[PDB]
Structure formats: C-alpha cells, structure tokens
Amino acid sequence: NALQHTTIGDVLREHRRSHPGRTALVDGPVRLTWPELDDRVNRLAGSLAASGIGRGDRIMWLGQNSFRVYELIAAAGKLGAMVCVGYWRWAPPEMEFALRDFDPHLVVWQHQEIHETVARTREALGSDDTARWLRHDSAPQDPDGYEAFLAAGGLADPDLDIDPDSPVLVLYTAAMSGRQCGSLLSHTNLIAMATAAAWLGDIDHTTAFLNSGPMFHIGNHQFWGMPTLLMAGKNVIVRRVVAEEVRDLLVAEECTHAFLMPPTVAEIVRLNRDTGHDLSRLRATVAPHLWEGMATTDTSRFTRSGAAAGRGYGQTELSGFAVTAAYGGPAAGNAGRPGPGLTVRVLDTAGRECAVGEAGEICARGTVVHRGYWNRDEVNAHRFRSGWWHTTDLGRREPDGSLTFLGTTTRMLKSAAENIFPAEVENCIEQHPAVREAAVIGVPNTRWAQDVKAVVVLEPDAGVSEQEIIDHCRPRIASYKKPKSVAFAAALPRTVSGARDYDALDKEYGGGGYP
C-alpha cells in the first residue's frame, strides 16, 4: 500500500500551500509567486496533455535561459514527460542531430539571437519535421506561441501518480570524441542532488539565486537553481550573461547567490566601482578575492572546503559535482570523497577493484546516478555493466580514502602489450613543481605500435630538463609508462572552446599509432 517518493510536482504543490505569498521566479517583468507558478504549470500540463503528451513523451527547449524552462520541467514532470534543455549555440548540423535523436513531440524555440539557425535546421529536416513548434518569446496572443498554448489549458492539477524515477530533465553531453548523448535525469536524481547541495551551500527559503549559468548544463541546476527551488527560495532568470544587466539584477533582487565565472566577476566589479550600488548580500563562492570587498565571502561548506575552487569530481551523469572535498574532511586527493547519494569504486580494465594508488575507471552506484542516455541501448548496456555506472573518467584512491581525478579513460596508448592512460602520466609530470601543465601523446614505433611522448609547459620562473622529467617519473609510475622524450612548449594548443587540442598536438609532434 505504500506510496511514491517525492516528485517535482509534489514540490510545487507543497510550496503553493506552505508559501502562498513568496516569490518563486522572476524574469524581466514576470514575477510569479508559488501559487501563480503552480497554476501556470497546471494550465501548461493541461495543454500538453490535450496535445497528446503523456508518460515518456518529450519536449525540446531551443532557447536561452527563461522562467519558462522551470515551468516546462514542472509541467512535463506532472505528466511523467521529459524536457531536453538544448544547447542554444548548436550549429544546424548538431541541432538537426539532436532533434532527430531526441525525437520530441514538441519543440519550444526562441527567435532572438537564434532564429536563423532554427530556420536552417527546419529546412534541413524537410518532410521529417513533424513536431509542433511553439515560439516562447512571441507576442502573447501568437497562436504559435507558448503563452497562447498555456492560456488554453485549465487550472486543474493533472494529479497523476508519476514515478519519480522517470526522466524529467535531459542534458546533452559530448564525449572527447565529439559524440553527443542526452543524459536522462529523473525527479529523484534532481531532488537528491538538490538536497545535498542545500547542505553544501546552506541554502534555504531566503536564498535568492541568479540563474546566470546556462540551463543546458548541469552547473546552474546544481549550484543553485534546483536547491533554491527545493527550499522555496527565489530563482531570478537572466537570458544570458551581460555584465550590466547581471549587476542590475544582483542589486534589485537582492541576490544571495549567482553562477558567475571569474572573468564575469571582474567585469561586474569594474563597472560597479564607486557607483555605490550594494552587492553585499551576494555570497561570493568563486574567486572571492576578485570582488574587492563588494560581495560577502561565503562561509558555507562549499567555499570553506575548496569545492568552490574545484576540489571535487563529477559529470552530468552523476547529477553534477557528486564528489567533493566538503564531504569527509581533509583530503590528500584532489577530488575529496563522495557525497551521500553515491558510492564510488575505481575498477581496472577487467572490472576488478583497484588497489590504493592504482589508476582505474571511476565507477558509481547510488541515487544521484542518471537513468542512462536517451536512445543508446548498446552504450547503456556497456556503461552500466556489472551494476556500476562507468564514468569513462580515470581516478585513484589515496591511502587516506579520498579520491583523485586524473583525466579521461578515452585517451589510451598501447605500447606492445601495455595499455597506458596518458592522463595518469600527465598527472605524474604535473606534480613536478616546475611544471604548469603536461600533455602526453603516443608516437609511432614500428616494433611495438607506440612510444610515450610528453609535451610540457613550464612555470615561467622554473627550469627543468628532459632527463629530469623522465627521472621524476621513475619512482612514481611503471617504467613502461615514462615518456621516451619530452618537448617543451610555451602553452598547450586549445580549441575554440578552451579545451586541450590533442589533434593539434598529434599533428605538431608526430603523434600516431593509437589503438
């Protein structure tokens, strides 16, 4: 006779009763209290259901940040449906791929800034374009607009018994290979994530969070959109980051938190200097020194532990930053320890647990593990093999029990019989105090496929030779993993997106012979 666990719908139904006059969401001139939000969600759900959307059905969002993203997630959630929050910077080929892959019943799109890509993509789909398209930033009466579609639904709550293990949020992720896959996050995934984040950040109903991170990425949901929603705080939306509008919203909405990277913080600070505008309610998590005393430094566990400075490990498929230095105290390893909804093992290629200090694939079980990728039957079977989710990230356990994240398992060398993970070698070299960064590649060898080569970037105030790098590796890693040679560079090549460009390293330094 026992009932379901809590769903995202239950959260809104509770907030509308417990917090009748509190502001849930702000987006430009739109201000919605909990009951006004839940009413809109019910009307939206009514219209979605009238259009044939039910359990397991799919809605794709192709816009920037909006309060409507939260409405759509809640409304789909009340029907047991799911929303993909798409990457609004997709070019037409990638947008077409995602539309065909996800196969949505409904697409909610944005005109501003992306109408050209959208038009190109619909042209490409041709006779396969059978979804309903609704323009979110339309005139309010536009019959092909979101608001008109929503207004046509009734106030009644659908009141269905939705299983919270159902996917509700789908976020596309890219492998190093460039292959993209939609990670299925359930109600339970999001609630467990949000509950842990509320402990990490000391979040409560007085939190006012600026949704200045992209909602197509897990970061903004974890820190701090979903915990703010869960604890009945106020979510303030900005479409994307424009420093002046951000500053204005921080002040006008009295924000306590925001998702801001250091270059944005510096921009905000420069334009606020000697204006007298009060940013002191903002709890500075990232780059506290950059704020020049204008914000208050965060004293939550998130900041105190170093997690805010990157001391942790996670991925979309673990509902975000699931391992951190805020769990379990001081840590020799760079990532800390798993939080409450997760257990982690480091597994070798044979699926056996690695010894302390031995590098292997980070694998996980627990409430924060995603439900799999959408439409990836073979990949899912492989990646959930033996009842563990395989992250494709390489790590090790330290003697104190903490974890170190080394890099990906998807780069591998094979030198004669020996599999070698460059990430392990890179991390070893990067411990040398003269080294700022190191990239490891494989170069062809006619007798045993590949030799190991390191491309090393020194700190400006340091010097070290090829031989000294090689000897540094001797006591730390297996002999066959050491670089045969070392090239020095001023900096590594990087992609337009800021990631390491291994194709470029391979082209420059004679890389080849990979498995």
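Note that residue numbering follows the sequence shown and begins at 1.
Compared with other entries of the same protein, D278 falls outside the group left without coordinates by a third of them; all model it where both flanks are modelled.
Modelled in this chain, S177 is nonetheless unresolved in at least one third of the other entries of the protein that span it on both sides. Stretches compared: 329-337, 279-287. Higher mean C-alpha B-factor in the entry: 279-287.
Looking at 440-448 and 259-267 together, the entry lists the larger mean B-factor for 440-448, computed on C-alpha atoms. If you compare the C-alpha temperature factors of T33, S66, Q467, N42 in the entry, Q467 comes out highest. Of the candidates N272, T343, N220, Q110, the deposited coordinates give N272 the top C-alpha B factor.
In the deposited entry, the Cα temperature factor of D10 places it in the middle third of its chain's modelled residues. Among all modelled residues in its chain, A308 ranks in the middle third by Cα B-factor.
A454 sits in the lowest third of its chain by CA B factor, as recorded in the PDB entry.
Ranked within its chain, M82 lands in the lowest third, by CA B factor from the PDB record.
The deposited CA B-factor of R352 belongs to the highest third of values across its chain.
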